[PDB]
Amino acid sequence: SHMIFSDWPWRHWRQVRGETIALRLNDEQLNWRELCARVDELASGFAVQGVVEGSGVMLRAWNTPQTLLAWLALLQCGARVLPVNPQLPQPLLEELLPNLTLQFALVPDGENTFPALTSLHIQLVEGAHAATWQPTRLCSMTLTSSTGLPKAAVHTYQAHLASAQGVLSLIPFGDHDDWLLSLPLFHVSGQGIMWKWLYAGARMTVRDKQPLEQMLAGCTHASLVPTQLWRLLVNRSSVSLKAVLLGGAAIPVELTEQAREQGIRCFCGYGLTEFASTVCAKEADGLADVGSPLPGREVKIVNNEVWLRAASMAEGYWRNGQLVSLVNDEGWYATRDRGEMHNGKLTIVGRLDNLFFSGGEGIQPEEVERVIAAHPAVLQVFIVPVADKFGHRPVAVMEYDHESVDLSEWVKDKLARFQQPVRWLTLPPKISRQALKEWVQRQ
């Protein structure tokens, strides 16, 4: 099922059924007409400050009502938007930004700290400024996460809409269903929610950060990482969810089973920044695979490495005004993910770069993590290399359901001797595996 847009999707739904509810901003509901009016106030505000088609704009901000509206207004001006996790350090950004062809910075909750960029403010002005709707126009620049410095993957509107199209051919999402903006707009996971909302013309909820169960009040849908869903199940929170899309890492069968117990229908996904989110997906079924590729997507394994094509692929990485192609000599994106293919379903083994050797035997931490995650009391589990006089050896860093449990015996009929953790630790108060290696070495 495809959706052909006459105009900006929000204006499209205004024309088709403007008086229907579109969005919750905290306790405030807006219909499509009201939403468009609010976007216009801002869009024109940005046009007055000199934002034009193709302007590079940094949006350093958390998920808030104000951030969402700023996104829709910037896009409506035809601006190339780079959303930025506010946690990223000042020095890092100074290295990135001059290559990203930006002339603007919008930092709504604080301060612009880049004199090279024109400080952009939130200004509500008449009347209705908007560029011409063009699917193939560059839409978003999204930062990767760490083989060094993060790259800026660039997507068109068409690619984001293609992402939503594929995902919604699997996940039912009715016109009165309400998806919680539950993940950052500076990641593709959060952007994907916005676009699935707009593709279906259903409802989205934006709430200020607060406990997730309260954020979810009246929502039918959400996109979550495993830890988030774990938090809901442990607390046994009263949530009314028709569907959860999971992704970002491997998804344990026991999470998914515990979700069904509590009336939460789960979908499992394999997605990447380079592909504007989900590529392979399925309804959860107790198996370890991540399902088949969605409509309009190809996967293949060469040398145990996952190679991808999709209509949701980025145009390229942005390098000082040029778009660097993502694909290799044969027109595929090489993910650096190790994976297998059986019955047309993909299994993700782990990241190539996370592989490490211990006494000659290769350890793939995700493989080991998957086994340990079977235990009922396990909540998080990371297998980290530590140096040894062996080369390296595996250490388990954990988070348990309620207080530690010793698994050094339980594991013996489940892991090879060389995969069993030397030490069993606790996670200190997406987690970077480099930071995780550095923390373990210092213990």
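In this text, residue numbers run from 1 along the sequence as written.
The entry models residue 429 and residue 430 with a gap of 4 to 9 deposited residues left without coordinates. According to the PDB entry, the deposited sequence contains 1 to 3 residues between residue 145 and residue 146 that lack coordinates. Taking the mean C-alpha B-factor of each stretch as recorded, 273-281 and 253-261 are not equal, and the higher mean is that of 253-261. In this entry, the higher average B-factor at the C-alpha atoms falls on 406-414, of the pair 406-414 and 33-41. Going by the entry's values, 358 shows the largest Cα B-factor out of 163, 335, 358, 134.
Ranking 175, 126, 289, 305 by Cα temperature factor from the entry places 126 first. Among the modelled residues of its chain, residue 396 has a C-alpha B-factor that falls in the middle third, as given in the PDB entry.
In the PDB entry, a CA B factor belonging to the middle third of its chain's modelled residues is recorded for residue 50. The PDB entry assigns residue 156 a C-alpha temperature factor belonging to the lowest third of its chain's modelled residues. In this PDB entry, the Cα temperature factor of residue 65 sits in the bottom third of its chain's modelled residues, the lowest group. Residue-level temperature factors show residue 293 in the middle third of its chain, judged at the C-alpha atom.
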